[PDB]
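Chains as they are written, first to last, in the numbering used here: chain W, 1414 to 1424; chain A, 21 to 163; chain R, 6 to 348. I have placed the structure first, in the form of structure tokens, so that the comments after it can refer back to it.
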Amino acid sequence: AXXXXXXXXXX
Amino acid sequence: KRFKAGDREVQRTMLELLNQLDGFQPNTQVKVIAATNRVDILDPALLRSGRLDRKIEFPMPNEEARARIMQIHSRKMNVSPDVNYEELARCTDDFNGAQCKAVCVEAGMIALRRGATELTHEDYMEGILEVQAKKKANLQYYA
Amino acid sequence: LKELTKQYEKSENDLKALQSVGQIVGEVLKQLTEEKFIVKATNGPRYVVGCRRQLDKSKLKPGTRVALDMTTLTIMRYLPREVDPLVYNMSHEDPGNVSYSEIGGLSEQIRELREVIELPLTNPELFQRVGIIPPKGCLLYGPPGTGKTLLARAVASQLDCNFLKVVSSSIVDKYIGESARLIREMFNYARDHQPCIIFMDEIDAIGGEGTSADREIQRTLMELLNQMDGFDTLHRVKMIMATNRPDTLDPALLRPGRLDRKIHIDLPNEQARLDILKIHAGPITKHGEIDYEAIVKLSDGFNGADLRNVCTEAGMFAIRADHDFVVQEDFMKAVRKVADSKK
Ligand SMILES: Nc1ncnc2c1ncn2[C@@H]1O[C@H](COP(=O)(O)OP(=O)(O)O)[C@@H](O)[C@H]1O
């Protein structure tokens, strides 16, 4: 359910 | 919807469009229409008062609609005069109209492999199995 | 020669204009001393700069935009705060001017909501005269479409105070802590723009248990509750959080200074149907007399939002027929269209 999310970085 | 990430460029595009839509009042010959397949991700701002507020609802077609829809995309083909499009609709459920066209296009193809000119009712039914990737096998326990 | 002169004088200003240079627009962010600041270019390094002698030392407070010279890097003049519709916050959503009279049949309820919301914002003296902190917050519960929002929208229109509308159900996004954050940005936005009626739509979602996601609802309530009776700043903004289900709302949310007044707004008042139609019917040209009474029973349990459509949908019937509504026969079918087709 509750979902922790990572993230990238468009330069 | 929204989200310094690299989406602060499309955000300017939306607010710009958001800006002009409210810029001009009704009574004008600039009637606007916008199409989206996922209206649960659109900004609430995009649909509040002076923006696309009267929202048009496009349903997944009903059974009678499907029988018609499967006709319009079959006119340009030499479909046999005995093809109970109605019966086809009954077998064609949970079908978006585009898929309702896929049967027609698939129906013509299935005839091709069989070396026929007019699409028989069976060809249409085989499309209704190959439009959804199903492969009809004569299972034995039926008889 | 007279025509040549006025253009020639303008041209002379242009010759001076060619000479004039540009100033790198920037923002100040600290004041180390009486002659030093830390200014940042809009897309540029942070240069330590001084201020021109003919400038107000004071006016340049953190956040004060300036346009420093392009070579000296010394600020040469303040500027107004940049204004752009880059705002992500409904705050700019003008309520639009809606008079209280336009909402119909809620005289008592509108009267109450005036009290709690309007009073602390307009005549604070009354509250400070008696010594009670101004009441803050009204909880408007009622059947959907009855027009809870409009009353909350008219109150903004009379006070001429900015209105922020949050669809409360939307704020509860799936990823953890986003739901608390949207509420936090709302109240934080209010501190910047005062005074704003923070109208929360159906509040049952956030207020009113053992799962990771079953406590995210718990956290979001705690964030909402804190930002109200909360250390930081008590504030002067007001909230009109309106629900459809009042049993669900948690007890703390209904308290004196934490959202009081359970104003009930039931389906359009029996007499209102007239007033509502009165306020919503007359606009559309319609010379023919009206048997409104039959329309009233022809429209029992009508959501009121339906009533707005009733007249408008009738206008579409008129848009076909001819161009002038001259028959109640229209509202009858319009009443049906705004009933069976509104089911
Ligand atoms: N009782 C009412 N009086 C006046 N307008 C109403 C009423 N009920 C609905 N409306 C109309 O519907 C809208 C307001 O409905 P809204 O406040 O969103 O309903 P709710 O908040 O109860 O779901 C406006 O367009 C308004 O003109």
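Note that the Cβ used here is the ideal one computed from N, Cα and C, for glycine as well.
Query, Result
"Residue 23 of chain R: buried (16+ other C-beta within 10 angstroms of its C-beta) or exposed?", "exposed"
"If we define contact as Cβ-Cβ less than 8 Å, is residue 200 of chain R a contact residue for chain A?", "no"
"Looking at the C-beta of residue 160 of chain R, does it have a partner C-beta in chain A at a distance below 8 Å?", "no"
"Assuming residue 170 of chain R contacts residue 262 of chain R under a Cβ cut-off of 8 Å, what Cβ separation, rounded to an integer in Å, is found between them?", "Not a contact, Cβ separation roughly 23 Å."
"Entirely within the stretch 232-311 of chain R and at least 4 residues each: give me those alpha helix (DSSP H) ranges in chain order.", "277-286 and 297-303"
"Can you have a look at residue 272 of chain R and say buried or exposed, based on whether 16 or more other CB atoms are within 10 angstroms of its CB?", "buried"
"Quick check: what's the CA-CA separation for residue 298 of chain R versus residue 115 of chain R?", "24 Å"
"With DSSP collapsed to three states, give me the class of residue 52 of chain R.", "strand"
"Ligand 1 and residue 151 of chain R: does any heavy atom of the ligand fall closer than 7 Å to the residue's C-beta?", "yes"
"When you compare each of R:340, R:90 and R:32 to residue 37 of chain A by their alpha carbons, which one comes out closest?", "R:90"
"Find the residues of chain R that neighbour residue 35 of chain A, judging by a C-beta separation of less than 7 Å, and give them in chain order.", "90 and 91"
"Just the C-alpha distance for residue 71 of chain R and residue 28 of chain R, rounded to the nearest angstrom, thanks.", "9 Å"
"Beta strand (DSSP E) containing residue 62 of chain R: first to last residue?", "Note, residue 62 of chain R: premise wrong, no beta strand (DSSP E); not H, not E."
"What residue does the alpha helix (DSSP H) around residue 193 of chain R start on, and which one ends it?", "183-197"
"If the cut-off is 8 Å on Cβ atoms, which residues from the stretch 35-64 of chain A count as contacting chain R, listed in chain order?", "35, 38, 39 and 64"
"Within its chain, find whatever has a CB closer than 8 Å to the CB of residue 151 of chain R; leave out the 5 residues flanking it on each side and keep chain order.", "270, 271, 272, 273, 308, 309 and 310"
"Based on Cα-Cα distance, which residue from R:257, R:96, R:295 and R:158 lies nearest to residue 337 of chain R?", "R:295"
"Indicate whether at least one CB of chain R lies closer than 8 Å to the CB of residue 68 of chain A.", "yes"
"Rank R:268, R:241 and R:224 by C-alpha distance to the C-alpha of residue 249 of chain R and give the top, closest one.", "R:268"
"Can you grab the Cα-Cα spacing for the pair residue 92 of chain A / residue 172 of chain R, in whole Å?", "42 Å"
"Name, in chain order, the residues that DSSP records as bridge partners for residue 52 of chain A.", "For residue 52 of chain A, which the question treats as bridged, DSSP gives no partner whatsoever."
"Out of R:143, R:257 and R:163, which has the shortest C-alpha to C-alpha gap to residue 3 of chain R?", "What is shown of chain R runs 6 to 348, which leaves residue 3 of chain R out entirely."
"Inspect the CB distances between the stretch 273-292 of chain R and the stretch 153-164 of chain R and report whether three or more fall short of 8 Å.", "no"
"Taking 8 Å as the cut-off, does the stretch 120-130 of chain R touch the stretch 218-228 of chain R (at least 3 CB pairs, one atom from each stretch)?", "no"
"Could you tell me which uninterrupted alpha helix (DSSP H) segments, each at least 4 residues in length, are contained entirely in the stretch 307-338 of chain R, listed from first to last along the chain?", "310-326"
"How is residue 142 of chain R classed by DSSP in three states: helix, strand or coil?", "coil"
"At least one CB of chain R closer than 8 Å to the CB of residue 88 of chain A: is that the case?", "no"
"Based on Cα-Cα distance, which residue from R:38, R:45, R:77 and R:49 lies nearest to residue 63 of chain R?", "R:38"
"Under the DSSP definition of a beta bridge, which residues are partnered with residue 72 of chain R?", "R:30"
"Which residues, in order along the stretch 91-121 of chain R, keep a beta-carbon less than 8 Å from a beta-carbon of chain A?", "91, 93, 95, 98 and 101"
"Provide the residue(s) that pair with residue 203 of chain R in DSSP beta bridges, ordered along the chain.", "R:169 and R:244"
"With 16 as the cutoff for other CB atoms within 10 Å, does residue 19 of chain R come out buried or exposed?", "exposed"
"Check whether the Cβ atoms of residue 301 of chain R and residue 279 of chain R sit closer than 8 Å, and answer yes or no.", "yes"
"Please work out which residues of its chain come closer than 7 Å, Cβ to Cβ, to residue 199 of chain R, disregarding the five sequence neighbours upstream and downstream, and give them in chain order.", "241 and 242"
"In terms of residue numbering, what span does the beta strand (DSSP E) encompassing residue 166 of chain A cover?", "With chain A covering only 21 through 163, there is no way to say anything about residue 166 of chain A."
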